[PDB]
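Novice: One structure coming up, written as structure tokens, with questions to follow.
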Amino acid sequence: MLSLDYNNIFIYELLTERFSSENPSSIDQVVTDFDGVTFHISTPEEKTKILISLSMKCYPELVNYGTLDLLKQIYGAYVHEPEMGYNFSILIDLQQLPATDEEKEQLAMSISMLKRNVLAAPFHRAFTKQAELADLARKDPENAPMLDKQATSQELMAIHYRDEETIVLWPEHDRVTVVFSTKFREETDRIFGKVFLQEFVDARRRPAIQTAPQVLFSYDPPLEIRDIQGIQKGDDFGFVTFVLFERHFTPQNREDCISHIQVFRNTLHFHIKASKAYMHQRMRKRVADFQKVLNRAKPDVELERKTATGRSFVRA
Amino acid sequence: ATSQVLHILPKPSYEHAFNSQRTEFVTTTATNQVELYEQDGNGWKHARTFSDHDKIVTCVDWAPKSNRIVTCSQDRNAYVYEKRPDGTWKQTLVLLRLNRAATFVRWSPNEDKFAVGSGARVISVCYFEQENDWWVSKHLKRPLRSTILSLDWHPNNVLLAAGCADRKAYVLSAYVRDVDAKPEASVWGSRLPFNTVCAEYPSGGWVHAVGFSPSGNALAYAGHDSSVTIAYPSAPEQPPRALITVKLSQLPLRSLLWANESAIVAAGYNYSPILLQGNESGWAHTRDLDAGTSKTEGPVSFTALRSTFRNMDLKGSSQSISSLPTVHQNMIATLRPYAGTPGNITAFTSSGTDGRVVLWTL
């Protein structure tokens, strides 16, 4: 694979089975995910009823940035009391299930999409507030810089979404800026991570990909995040900034852009691993050419003619 | 000087001996077998294998007048082989009583006894008793401190030189009573009982090779430091008249042979025999016997088509891997008299780790 899926594959496949099934069996399944997230899927009252539940260490921050109204909008009737030990929970009934195979497909997708629907709330808060500031700035272009200056400090979101990261984002009348305060703690990933983060910034400075968000990088923080909690300049973090302009989150694009920006650091983490799998296949190619430099030291003798299994043979 | 390549053996050939008729030769392949080769018009043919050893054979020798072969191996045994009237060879185990491998063996000039060097810090001088039909071993052991790398006997039956890995060349009496006649009073001594020591000569590196002058009045020996030393003794308990060391510019010598009282051939890791000349005033390296010292289209065969593709595939490119300019392609392990009166070698032979057996005429 060249780029990560946005949804949890297991919940998609599992619900695609049970929504097709004529005869459901019971389940009890904890299921890990990226960024320290964890799902629990089980059938607690009946084989007929699936409870999907989510655990995520920063969910208390995400409830401040309006998460429950987004989840109640998406999951509606299926929302349930949080399972003990989990932050959020949804109860889907296989007999009360939607009618068509394309309703079943989009419900199995929507429920597997839970990690990026819970982590989307601060992005929708920023996109919908930039739509207000875009109208206020269009009412007075000389007031607009001061609306941006106050929204840069008053409307800023920060999510400590895993212990070696922070995502910080804020609206201004023409953009949403998002900064990843990103660190690789595993030292062989820190060494490759310098290459992967540097070549990521140097890629944006080429004619082919000018249509993308303006990425920027440093290792100290952008001036407008220098006093956020957990952001510290000395601790060998790197500060990848994306500036999403109004053209990067136009109504056709918003949902792909939210899905695609959250997965950023996870594609670099995956591609650092998948680059070791590349360097190895390129190393064992050079080893196989050093074989030729030693083979010229073996004196020429014909090894005797043998059958395919190595047993001796008597012809020619 | 001229080189003639007598045979190419399929495996390394640390040692060989030609019989007194020069009609057949024995040789030690780098396994527990010993090959016997015979003339085939101008060629040579494999006649028989001896195989009585348990482990790798280390050295072999063939008594001129009495026609018996003797063999050593890492199995710590020796065998003496003697011709039965029907044409085959009678093996006979010799109880060497060695705690570690046998390295190197020589028949004495009267062929009544033979000496075997060892890794066990000792040399087993073996002789035969018609009273018992045994071979019995006497251990020389007093001064020897490490593995024995080579032996040579004096032209009188008593004195034995040995090169040892403790960087020294020993001269020992191997007089065994009720085999030897009395030794003549001579430069090395006259009070001469078994294991009395006539010299403990120094070297810079391991002494690979030793050999007395044809007159017996000097010893030459050769170091892994790539020097040849010639020692001229005076009398017992007395310093030598000269201890001339000539240092070569080449890789080490492994074997050594007096051509006459004034000239020596030597050979080894340099892939080529060399000639040294001198006397008790001084010695110098004087010639290389190999012209390789100077470092000197048509239809195409199926085996040249197949090998030019197998070269492109297994190796870098089509082009052949070159020969060395010398006749031998690997270290020349042993160097042996072949023709001329004793003390005027006119031709000698050598056998290599590459498996070439070669005749050299001076």
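Naming works like this for the structure tokens: A, B, ... for the chains as they're shown, residue 1 at the start of each chain, ligands 1 onward in shown order.
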I need the residues in stretch 170-278 of chain A that are strand (DSSP E or B) according to DSSP; give them as a VMD selection string.

Specialist: chain A and resid 170 to 172 175 to 182 214 to 216 238 to 245

Novice: Using only C-alpha atoms and a cut-off of 7 Å, which residues of chain B sit close to chain A? Please list them as a tab-separated table (two decimals) with N, CA and C atoms, in the first residue's frame.

Specialist:
```
chain	number	residue	atom	x	y	z
B	314	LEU	N	28.46	-15.87	-13.43
B	314	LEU	CA	29.05	-16.14	-12.12
B	314	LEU	C	30.02	-15.05	-11.67
B	315	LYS	N	30.77	-14.44	-12.59
B	315	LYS	CA	31.87	-13.52	-12.29
B	315	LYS	C	31.49	-12.12	-12.78
B	316	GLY	N	32.43	-11.19	-12.87
B	316	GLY	CA	32.09	-9.84	-13.31
B	316	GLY	C	31.76	-9.76	-14.79
```

Novice: For residue B:226, find every residue with an atom within 12 Å (counting only C-alpha atoms), except residues of its own chain fewer than 3 positions away, and show them as a ChimeraX atom specification.

Specialist: /B:203-209,221-223,229,245-255,266-270

Novice: Could you give me the residues within stretch 64-284 of chain A that DSSP places in helix (DSSP H, G or I), as a compact mmCIF listing (two decimals) with N, CA, C and O atoms, in the first residue's frame?

Specialist:
```txt
# COMPACT_ATOMS: atom_id res chain seq x y z
N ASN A 64 -14.79 19.21 24.77
CA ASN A 64 -14.76 20.66 24.89
C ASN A 64 -14.96 21.32 23.51
O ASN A 64 -15.81 22.20 23.35
N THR A 67 -17.57 17.75 20.33
CA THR A 67 -17.68 16.39 19.76
C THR A 67 -19.06 15.76 19.86
O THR A 67 -19.52 15.18 18.88
N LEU A 68 -19.75 15.82 21.00
CA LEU A 68 -21.00 15.07 21.16
C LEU A 68 -22.08 15.50 20.17
O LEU A 68 -22.83 14.64 19.71
N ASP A 69 -22.15 16.77 19.79
CA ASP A 69 -23.13 17.22 18.79
C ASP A 69 -22.82 16.66 17.39
O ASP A 69 -23.74 16.39 16.62
N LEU A 70 -21.54 16.45 17.06
CA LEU A 70 -21.14 15.83 15.79
C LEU A 70 -21.46 14.34 15.78
O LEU A 70 -21.99 13.83 14.80
N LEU A 71 -21.18 13.62 16.87
CA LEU A 71 -21.50 12.20 16.96
C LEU A 71 -23.01 11.95 17.03
O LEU A 71 -23.49 11.08 16.32
N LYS A 72 -23.78 12.74 17.78
CA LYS A 72 -25.25 12.65 17.76
C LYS A 72 -25.83 12.99 16.38
O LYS A 72 -26.81 12.37 15.99
N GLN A 73 -25.23 13.91 15.62
CA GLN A 73 -25.62 14.18 14.23
C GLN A 73 -25.37 12.97 13.32
O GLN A 73 -26.21 12.67 12.47
N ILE A 74 -24.24 12.28 13.47
CA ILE A 74 -23.84 11.19 12.58
C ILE A 74 -24.56 9.88 12.92
O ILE A 74 -25.13 9.25 12.03
N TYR A 75 -24.52 9.45 14.18
CA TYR A 75 -25.01 8.14 14.62
C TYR A 75 -26.45 8.14 15.15
O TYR A 75 -27.07 7.09 15.19
N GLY A 76 -27.01 9.30 15.50
CA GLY A 76 -28.44 9.47 15.74
C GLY A 76 -29.03 8.46 16.73
O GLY A 76 -28.65 8.42 17.90
N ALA A 77 -29.96 7.64 16.26
CA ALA A 77 -30.66 6.64 17.06
C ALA A 77 -29.75 5.55 17.65
O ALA A 77 -30.10 4.94 18.66
N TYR A 78 -28.61 5.27 17.04
CA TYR A 78 -27.72 4.19 17.47
C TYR A 78 -26.85 4.56 18.68
O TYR A 78 -26.24 3.69 19.28
N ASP A 101 -28.60 -2.71 0.19
CA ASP A 101 -27.19 -3.10 0.30
C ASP A 101 -26.24 -1.89 0.29
O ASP A 101 -25.18 -1.93 0.90
N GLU A 102 -26.62 -0.78 -0.35
CA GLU A 102 -25.85 0.47 -0.30
C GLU A 102 -26.09 1.28 0.98
O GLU A 102 -25.17 1.95 1.44
N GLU A 103 -27.24 1.16 1.65
CA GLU A 103 -27.40 1.64 3.03
C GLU A 103 -26.56 0.82 4.01
O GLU A 103 -25.85 1.38 4.84
N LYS A 104 -26.58 -0.52 3.91
CA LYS A 104 -25.73 -1.40 4.73
C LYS A 104 -24.25 -1.08 4.52
O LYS A 104 -23.52 -0.92 5.49
N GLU A 105 -23.81 -0.94 3.28
CA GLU A 105 -22.42 -0.59 2.96
C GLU A 105 -22.03 0.75 3.58
O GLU A 105 -20.99 0.82 4.23
N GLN A 106 -22.84 1.80 3.46
CA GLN A 106 -22.47 3.10 4.02
C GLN A 106 -22.61 3.15 5.54
O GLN A 106 -21.88 3.91 6.17
N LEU A 107 -23.46 2.34 6.17
CA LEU A 107 -23.50 2.21 7.63
C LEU A 107 -22.29 1.43 8.17
O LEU A 107 -21.68 1.86 9.14
N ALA A 108 -21.89 0.32 7.53
CA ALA A 108 -20.68 -0.40 7.92
C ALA A 108 -19.44 0.48 7.74
O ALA A 108 -18.55 0.46 8.58
N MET A 109 -19.39 1.30 6.68
CA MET A 109 -18.35 2.30 6.52
C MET A 109 -18.41 3.32 7.65
O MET A 109 -17.46 3.42 8.42
N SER A 110 -19.54 4.01 7.86
CA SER A 110 -19.71 5.03 8.90
C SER A 110 -19.31 4.57 10.30
O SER A 110 -18.63 5.29 11.03
N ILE A 111 -19.67 3.36 10.71
CA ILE A 111 -19.29 2.84 12.03
C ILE A 111 -17.80 2.51 12.08
O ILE A 111 -17.17 2.77 13.10
N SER A 112 -17.18 2.02 11.02
CA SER A 112 -15.73 1.79 11.00
C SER A 112 -14.92 3.09 10.95
O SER A 112 -13.75 3.12 11.32
N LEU A 114 -15.26 5.62 12.86
CA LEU A 114 -15.47 6.27 14.16
C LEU A 114 -14.26 7.07 14.64
O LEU A 114 -14.46 8.18 15.12
N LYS A 115 -13.02 6.58 14.50
CA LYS A 115 -11.84 7.32 14.96
C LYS A 115 -11.74 8.68 14.27
O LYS A 115 -11.57 9.68 14.94
N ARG A 116 -11.93 8.74 12.95
CA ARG A 116 -11.89 10.04 12.27
C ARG A 116 -13.17 10.84 12.38
O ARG A 116 -13.11 12.02 12.08
N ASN A 117 -14.31 10.29 12.81
CA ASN A 117 -15.49 11.09 13.15
C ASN A 117 -15.40 11.69 14.56
O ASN A 117 -15.90 12.79 14.76
N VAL A 118 -14.75 11.04 15.52
CA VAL A 118 -14.58 11.61 16.87
C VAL A 118 -13.49 12.67 16.88
O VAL A 118 -13.65 13.71 17.50
N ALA A 121 -14.16 16.79 15.25
CA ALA A 121 -14.90 17.90 15.84
C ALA A 121 -14.15 19.24 15.89
O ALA A 121 -14.73 20.24 15.47
N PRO A 122 -12.86 19.32 16.31
CA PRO A 122 -12.14 20.59 16.27
C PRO A 122 -11.90 21.10 14.85
O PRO A 122 -11.87 22.30 14.63
N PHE A 123 -11.79 20.22 13.85
CA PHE A 123 -11.67 20.67 12.47
C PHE A 123 -12.98 21.28 11.97
O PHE A 123 -12.95 22.36 11.40
N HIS A 124 -14.15 20.68 12.23
CA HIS A 124 -15.42 21.31 11.84
C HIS A 124 -15.68 22.62 12.58
O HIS A 124 -16.21 23.56 11.99
N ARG A 125 -15.28 22.73 13.85
CA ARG A 125 -15.34 23.99 14.59
C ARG A 125 -14.48 25.07 13.92
O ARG A 125 -14.95 26.18 13.73
N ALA A 126 -13.27 24.74 13.47
CA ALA A 126 -12.41 25.67 12.74
C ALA A 126 -12.94 26.01 11.34
O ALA A 126 -13.06 27.19 11.02
N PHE A 127 -13.35 25.05 10.52
CA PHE A 127 -13.91 25.31 9.19
C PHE A 127 -15.19 26.16 9.27
O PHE A 127 -15.32 27.14 8.54
N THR A 128 -16.13 25.84 10.16
CA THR A 128 -17.37 26.63 10.29
C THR A 128 -17.14 28.00 10.89
O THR A 128 -17.83 28.93 10.51
N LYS A 129 -16.14 28.21 11.76
CA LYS A 129 -15.79 29.56 12.23
C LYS A 129 -15.02 30.37 11.20
O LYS A 129 -15.26 31.57 11.08
N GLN A 130 -14.17 29.76 10.39
CA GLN A 130 -13.58 30.45 9.25
C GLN A 130 -14.66 30.90 8.27
O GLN A 130 -14.57 31.99 7.74
N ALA A 131 -15.75 30.14 8.08
CA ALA A 131 -16.86 30.62 7.27
C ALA A 131 -17.56 31.85 7.86
O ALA A 131 -18.04 32.68 7.10
N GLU A 132 -17.61 32.03 9.19
CA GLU A 132 -18.11 33.28 9.78
C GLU A 132 -17.11 34.43 9.59
O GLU A 132 -17.47 35.49 9.09
N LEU A 133 -15.82 34.23 9.91
CA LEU A 133 -14.79 35.24 9.72
C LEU A 133 -14.64 35.66 8.26
O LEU A 133 -14.39 36.82 8.00
N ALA A 134 -14.81 34.75 7.31
CA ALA A 134 -14.79 35.07 5.89
C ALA A 134 -15.90 36.04 5.51
O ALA A 134 -15.70 36.88 4.64
N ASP A 135 -17.06 35.97 6.16
CA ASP A 135 -18.14 36.93 5.94
C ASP A 135 -17.89 38.25 6.67
O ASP A 135 -18.08 39.32 6.09
N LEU A 136 -17.40 38.22 7.91
CA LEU A 136 -17.08 39.45 8.64
C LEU A 136 -15.94 40.23 7.96
O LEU A 136 -16.03 41.45 7.81
N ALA A 137 -14.90 39.55 7.47
CA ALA A 137 -13.81 40.19 6.74
C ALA A 137 -14.29 40.79 5.41
O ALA A 137 -13.82 41.85 5.01
N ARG A 138 -15.27 40.17 4.76
CA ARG A 138 -15.93 40.69 3.55
C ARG A 138 -16.87 41.87 3.84
O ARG A 138 -17.21 42.61 2.92
N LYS A 139 -17.26 42.09 5.10
CA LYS A 139 -17.98 43.29 5.56
C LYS A 139 -17.06 44.48 5.83
O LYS A 139 -17.46 45.61 5.57
N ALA A 144 -10.66 43.25 9.28
CA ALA A 144 -10.29 41.85 9.09
C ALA A 144 -8.97 41.43 9.76
O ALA A 144 -8.99 40.41 10.46
N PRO A 145 -7.84 42.16 9.67
CA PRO A 145 -6.62 41.81 10.39
C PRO A 145 -6.79 41.67 11.91
O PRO A 145 -6.14 40.84 12.53
N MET A 146 -7.68 42.45 12.52
CA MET A 146 -7.89 42.41 13.97
C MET A 146 -8.78 41.24 14.38
O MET A 146 -8.52 40.60 15.40
N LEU A 147 -9.76 40.88 13.55
CA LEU A 147 -10.53 39.64 13.72
C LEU A 147 -9.60 38.43 13.62
O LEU A 147 -9.64 37.57 14.49
N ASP A 148 -8.72 38.37 12.62
CA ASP A 148 -7.70 37.32 12.54
C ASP A 148 -6.80 37.29 13.77
O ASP A 148 -6.59 36.22 14.35
N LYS A 149 -6.28 38.44 14.23
CA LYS A 149 -5.41 38.51 15.41
C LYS A 149 -6.10 37.98 16.66
O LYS A 149 -5.50 37.18 17.36
N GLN A 150 -7.36 38.34 16.92
CA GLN A 150 -8.05 37.80 18.09
C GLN A 150 -8.44 36.33 17.90
O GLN A 150 -8.26 35.54 18.82
N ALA A 151 -8.88 35.89 16.72
CA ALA A 151 -9.20 34.48 16.51
C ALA A 151 -7.95 33.58 16.60
O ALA A 151 -8.04 32.46 17.08
N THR A 152 -6.78 34.10 16.24
CA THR A 152 -5.50 33.39 16.37
C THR A 152 -5.17 33.03 17.82
O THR A 152 -4.47 32.05 18.05
N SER A 153 -5.68 33.77 18.81
CA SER A 153 -5.44 33.48 20.24
C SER A 153 -6.69 33.02 21.00
O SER A 153 -6.56 32.26 21.96
N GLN A 154 -7.90 33.42 20.59
CA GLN A 154 -9.15 33.05 21.25
C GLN A 154 -9.82 31.79 20.68
O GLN A 154 -10.50 31.08 21.42
N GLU A 187 14.76 5.62 18.28
CA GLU A 187 15.88 6.38 17.71
C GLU A 187 16.18 6.07 16.24
O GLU A 187 16.43 6.99 15.47
N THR A 188 16.03 4.83 15.77
CA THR A 188 16.15 4.54 14.33
C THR A 188 15.03 5.19 13.50
O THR A 188 15.29 5.60 12.37
N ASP A 189 13.83 5.39 14.03
CA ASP A 189 12.82 6.22 13.36
C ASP A 189 13.11 7.71 13.47
O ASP A 189 12.72 8.45 12.59
N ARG A 190 13.78 8.19 14.50
CA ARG A 190 14.18 9.60 14.59
C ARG A 190 15.21 9.94 13.53
O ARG A 190 15.12 10.98 12.90
N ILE A 191 16.17 9.04 13.28
CA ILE A 191 17.19 9.21 12.25
C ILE A 191 16.59 9.25 10.85
O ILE A 191 16.86 10.18 10.11
N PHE A 192 15.73 8.29 10.48
CA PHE A 192 15.03 8.37 9.20
C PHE A 192 14.01 9.51 9.21
O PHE A 192 13.88 10.22 8.23
N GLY A 193 13.33 9.77 10.31
CA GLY A 193 12.33 10.82 10.43
C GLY A 193 12.86 12.19 10.05
O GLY A 193 12.15 12.94 9.38
N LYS A 194 14.13 12.52 10.34
CA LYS A 194 14.74 13.76 9.85
C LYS A 194 14.70 13.83 8.33
O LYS A 194 14.30 14.85 7.78
N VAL A 195 15.06 12.76 7.63
CA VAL A 195 14.99 12.67 6.16
C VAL A 195 13.55 12.78 5.68
O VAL A 195 13.27 13.55 4.77
N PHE A 196 12.62 12.05 6.28
CA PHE A 196 11.24 12.03 5.82
C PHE A 196 10.54 13.37 6.03
O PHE A 196 9.83 13.80 5.14
N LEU A 197 10.77 14.07 7.14
CA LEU A 197 10.24 15.41 7.38
C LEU A 197 10.94 16.49 6.55
O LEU A 197 10.28 17.39 6.06
N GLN A 198 12.25 16.41 6.33
CA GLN A 198 12.95 17.40 5.52
C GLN A 198 12.52 17.33 4.06
O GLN A 198 12.12 18.33 3.48
N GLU A 199 12.53 16.14 3.46
CA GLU A 199 12.13 15.95 2.06
C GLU A 199 10.64 16.23 1.85
O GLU A 199 10.25 16.60 0.75
N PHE A 200 9.81 16.16 2.88
CA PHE A 200 8.42 16.58 2.83
C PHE A 200 8.24 18.09 2.62
O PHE A 200 7.40 18.51 1.85
N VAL A 201 9.06 18.91 3.27
CA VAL A 201 9.06 20.37 3.10
C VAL A 201 9.65 20.75 1.76
O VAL A 201 9.08 21.56 1.04
N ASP A 202 10.77 20.15 1.39
CA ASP A 202 11.42 20.39 0.11
C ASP A 202 10.58 19.95 -1.09
O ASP A 202 10.74 20.50 -2.17
N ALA A 203 9.66 18.99 -0.93
CA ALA A 203 8.73 18.60 -1.98
C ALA A 203 7.73 19.70 -2.33
O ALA A 203 7.44 19.92 -3.49
N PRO A 207 7.26 22.97 -8.82
CA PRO A 207 6.12 23.37 -9.63
C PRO A 207 4.97 22.36 -9.68
O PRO A 207 3.81 22.75 -9.79
N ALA A 208 5.26 21.06 -9.59
CA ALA A 208 4.27 20.01 -9.78
C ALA A 208 3.15 20.03 -8.73
O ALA A 208 2.00 19.75 -9.07
N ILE A 209 3.48 20.35 -7.48
CA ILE A 209 2.56 20.23 -6.34
C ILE A 209 2.22 21.55 -5.66
O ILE A 209 1.83 21.57 -4.50
N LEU A 223 5.05 31.36 15.92
CA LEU A 223 4.91 32.45 16.87
C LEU A 223 3.59 32.43 17.63
O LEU A 223 3.54 32.79 18.80
N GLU A 224 2.51 31.97 16.99
CA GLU A 224 1.18 31.93 17.59
C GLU A 224 0.89 30.69 18.44
O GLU A 224 -0.17 30.64 19.07
N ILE A 225 1.80 29.72 18.54
CA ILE A 225 1.66 28.55 19.44
C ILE A 225 2.73 28.48 20.53
O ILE A 225 2.77 27.50 21.27
N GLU A 246 -8.87 28.49 1.75
CA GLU A 246 -10.29 28.26 1.43
C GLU A 246 -10.51 27.23 0.30
O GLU A 246 -11.53 26.54 0.29
N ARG A 247 -9.56 27.07 -0.62
CA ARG A 247 -9.62 26.07 -1.71
C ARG A 247 -9.28 24.63 -1.30
O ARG A 247 -9.60 23.72 -2.05
N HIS A 248 -8.68 24.41 -0.13
CA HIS A 248 -8.35 23.08 0.42
C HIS A 248 -9.44 22.48 1.30
O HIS A 248 -9.32 21.34 1.74
N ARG A 254 -13.96 19.13 2.07
CA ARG A 254 -13.86 19.17 3.55
C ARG A 254 -13.66 17.80 4.18
O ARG A 254 -12.73 17.61 4.95
N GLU A 255 -14.53 16.84 3.86
CA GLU A 255 -14.51 15.51 4.49
C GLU A 255 -13.26 14.72 4.13
O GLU A 255 -12.66 14.10 5.01
N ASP A 256 -12.81 14.74 2.88
CA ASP A 256 -11.54 14.11 2.52
C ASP A 256 -10.38 14.82 3.20
O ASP A 256 -9.51 14.16 3.73
N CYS A 257 -10.39 16.15 3.27
CA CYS A 257 -9.32 16.90 3.89
C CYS A 257 -9.19 16.63 5.39
O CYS A 257 -8.09 16.35 5.87
N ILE A 258 -10.28 16.60 6.15
CA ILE A 258 -10.27 16.18 7.55
C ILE A 258 -9.75 14.76 7.68
O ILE A 258 -8.86 14.51 8.48
N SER A 259 -10.25 13.83 6.88
CA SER A 259 -9.81 12.44 6.92
C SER A 259 -8.32 12.31 6.62
O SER A 259 -7.63 11.51 7.24
N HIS A 260 -7.83 13.10 5.68
CA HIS A 260 -6.48 13.02 5.14
C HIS A 260 -5.44 13.79 5.94
O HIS A 260 -4.28 13.42 5.92
N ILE A 261 -5.81 14.83 6.69
CA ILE A 261 -4.83 15.55 7.50
C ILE A 261 -4.58 14.87 8.83
O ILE A 261 -3.44 14.81 9.28
N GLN A 262 -5.60 14.26 9.44
CA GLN A 262 -5.43 13.50 10.69
C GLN A 262 -4.41 12.37 10.55
O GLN A 262 -3.64 12.10 11.47
N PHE A 264 -1.73 12.23 8.82
CA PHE A 264 -0.42 12.73 8.38
C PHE A 264 0.74 11.96 9.01
O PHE A 264 1.48 11.25 8.33
N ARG A 265 0.88 12.09 10.33
CA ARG A 265 2.00 11.53 11.07
C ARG A 265 2.03 10.02 10.98
O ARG A 265 3.10 9.43 10.92
N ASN A 266 0.87 9.39 10.87
CA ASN A 266 0.75 7.95 10.68
C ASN A 266 1.27 7.52 9.31
O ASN A 266 1.93 6.49 9.25
N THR A 267 1.10 8.29 8.23
CA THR A 267 1.76 7.92 6.97
C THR A 267 3.27 8.03 7.06
O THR A 267 3.95 7.14 6.56
N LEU A 268 3.84 9.03 7.74
CA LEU A 268 5.29 9.10 7.93
C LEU A 268 5.78 7.94 8.80
O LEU A 268 6.78 7.33 8.47
N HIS A 269 5.07 7.59 9.87
CA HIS A 269 5.42 6.45 10.71
C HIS A 269 5.37 5.14 9.93
O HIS A 269 6.32 4.37 9.99
N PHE A 270 4.34 4.92 9.12
CA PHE A 270 4.24 3.76 8.26
C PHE A 270 5.35 3.74 7.21
O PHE A 270 6.04 2.74 7.07
N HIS A 271 5.59 4.85 6.52
CA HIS A 271 6.62 4.90 5.49
C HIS A 271 8.03 4.85 6.01
O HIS A 271 8.89 4.35 5.29
N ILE A 272 8.31 5.24 7.25
CA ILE A 272 9.61 4.96 7.85
C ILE A 272 9.78 3.45 7.99
O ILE A 272 10.81 2.94 7.57
N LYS A 273 8.79 2.69 8.47
CA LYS A 273 8.89 1.22 8.53
C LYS A 273 9.02 0.62 7.14
O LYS A 273 9.95 -0.14 6.88
N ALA A 274 8.15 1.01 6.21
CA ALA A 274 8.17 0.52 4.84
C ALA A 274 9.39 0.97 4.03
O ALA A 274 9.59 0.46 2.93
N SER A 275 10.21 1.89 4.52
CA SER A 275 11.51 2.22 3.93
C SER A 275 12.62 1.31 4.39
O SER A 275 13.58 1.10 3.65
N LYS A 276 12.51 0.69 5.56
CA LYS A 276 13.44 -0.35 5.99
C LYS A 276 13.22 -1.59 5.13
O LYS A 276 14.16 -2.12 4.57
N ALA A 277 11.97 -1.96 4.86
CA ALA A 277 11.65 -3.02 3.90
C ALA A 277 12.16 -2.75 2.47
O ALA A 277 12.40 -3.70 1.72
N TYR A 278 12.35 -1.49 2.07
CA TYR A 278 12.96 -1.11 0.80
C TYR A 278 14.47 -1.21 0.84
O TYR A 278 15.08 -1.88 0.02
N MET A 279 15.11 -0.57 1.82
CA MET A 279 16.56 -0.59 1.95
C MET A 279 17.08 -2.01 2.05
O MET A 279 18.10 -2.31 1.45
N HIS A 280 16.36 -2.92 2.70
CA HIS A 280 16.75 -4.32 2.76
C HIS A 280 16.75 -4.97 1.39
O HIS A 280 17.75 -5.57 1.01
N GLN A 281 15.70 -4.80 0.58
CA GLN A 281 15.67 -5.40 -0.76
C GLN A 281 16.70 -4.79 -1.70
O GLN A 281 17.11 -5.45 -2.65
N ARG A 282 17.16 -3.57 -1.43
CA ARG A 282 18.26 -2.92 -2.14
C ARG A 282 19.64 -3.31 -1.62
O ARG A 282 20.57 -3.43 -2.41
N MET A 283 19.79 -3.63 -0.34
CA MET A 283 21.02 -4.18 0.22
C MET A 283 21.28 -5.58 -0.28
O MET A 283 22.35 -5.84 -0.82
N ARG A 284 20.30 -6.49 -0.20
CA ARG A 284 20.50 -7.87 -0.67
C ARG A 284 20.69 -7.98 -2.18
O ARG A 284 21.15 -9.02 -2.64
```

Novice: Skipping near chain neighbours, those fewer than 2 positions away, what residues fall within 7 Å of stretch 179-195 of chain B using only C-alpha atoms, listed as a PyMOL selection string?

Specialist: chain B and resi 140+157-158+172-177+197-198+217+233-236

Novice: Please write the residues from the selection above to a file, keeping N, CA and C atoms, as a tab-separated table (two decimals), in the first residue's frame.

Specialist:
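Heads up, here's the output in part.tsv:
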```
chain	number	residue	atom	x	y	z
B	140	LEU	N	63.12	-38.19	21.05
B	140	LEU	CA	63.90	-36.98	21.33
B	140	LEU	C	62.95	-35.92	21.88
B	157	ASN	N	74.74	-41.56	9.70
B	157	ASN	CA	73.42	-41.98	10.16
B	157	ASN	C	72.95	-41.39	11.52
B	158	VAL	N	73.78	-40.67	12.27
B	158	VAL	CA	73.48	-40.29	13.65
B	158	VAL	C	72.75	-38.96	13.82
B	172	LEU	N	70.47	-32.46	16.82
B	172	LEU	CA	70.35	-33.46	17.87
B	172	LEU	C	71.07	-34.73	17.45
B	173	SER	N	71.68	-35.47	18.37
B	173	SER	CA	72.07	-36.86	18.09
B	173	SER	C	70.87	-37.79	18.17
B	174	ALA	N	70.65	-38.59	17.14
B	174	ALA	CA	69.68	-39.67	17.07
B	174	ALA	C	70.37	-41.04	16.96
B	175	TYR	N	71.55	-41.18	17.58
B	175	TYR	CA	72.27	-42.44	17.72
B	175	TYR	C	71.44	-43.44	18.52
B	176	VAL	N	71.05	-44.56	17.92
B	176	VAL	CA	70.36	-45.64	18.63
B	176	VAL	C	71.20	-46.91	18.58
B	177	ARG	N	71.58	-47.40	19.76
B	177	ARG	CA	72.51	-48.52	19.91
B	177	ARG	C	71.90	-49.81	19.38
B	197	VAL	N	72.78	-32.37	22.36
B	197	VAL	CA	72.44	-31.24	21.48
B	197	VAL	C	73.70	-30.57	20.97
B	198	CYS	N	73.86	-30.50	19.65
B	198	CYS	CA	75.00	-29.88	19.00
B	198	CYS	C	74.79	-28.38	18.70
B	217	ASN	N	79.50	-30.60	6.97
B	217	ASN	CA	80.26	-29.64	7.79
B	217	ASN	C	79.59	-28.25	7.94
B	233	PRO	N	79.45	-24.72	12.03
B	233	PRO	CA	79.90	-25.06	13.38
B	233	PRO	C	81.43	-25.13	13.48
B	234	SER	N	81.94	-25.08	14.72
B	234	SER	CA	83.38	-25.13	15.02
B	234	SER	C	83.77	-26.42	15.75
B	235	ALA	N	83.18	-26.63	16.93
B	235	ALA	CA	83.39	-27.74	17.85
B	235	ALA	C	82.25	-27.72	18.90
B	236	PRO	N	82.05	-28.77	19.70
B	236	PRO	CA	81.13	-28.72	20.83
B	236	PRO	C	81.41	-27.55	21.79
```

Novice: Rank nothing, just name the residue among B:55, B:336, B:66, B:327 nearest to residue B:349, using only C-alpha atoms.

Specialist: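 That would be B:336, the residue with the smallest distance to residue B:349.
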
Novice: Residues near stretch 16-21 of chain A, anyone? I mean within 8 Å using only C-alpha atoms, not counting same-chain ones fewer than 2 positions away, as a PyMOL selection string.

Specialist: chain A and resi 12-14+23-24+94+97+104-105+108
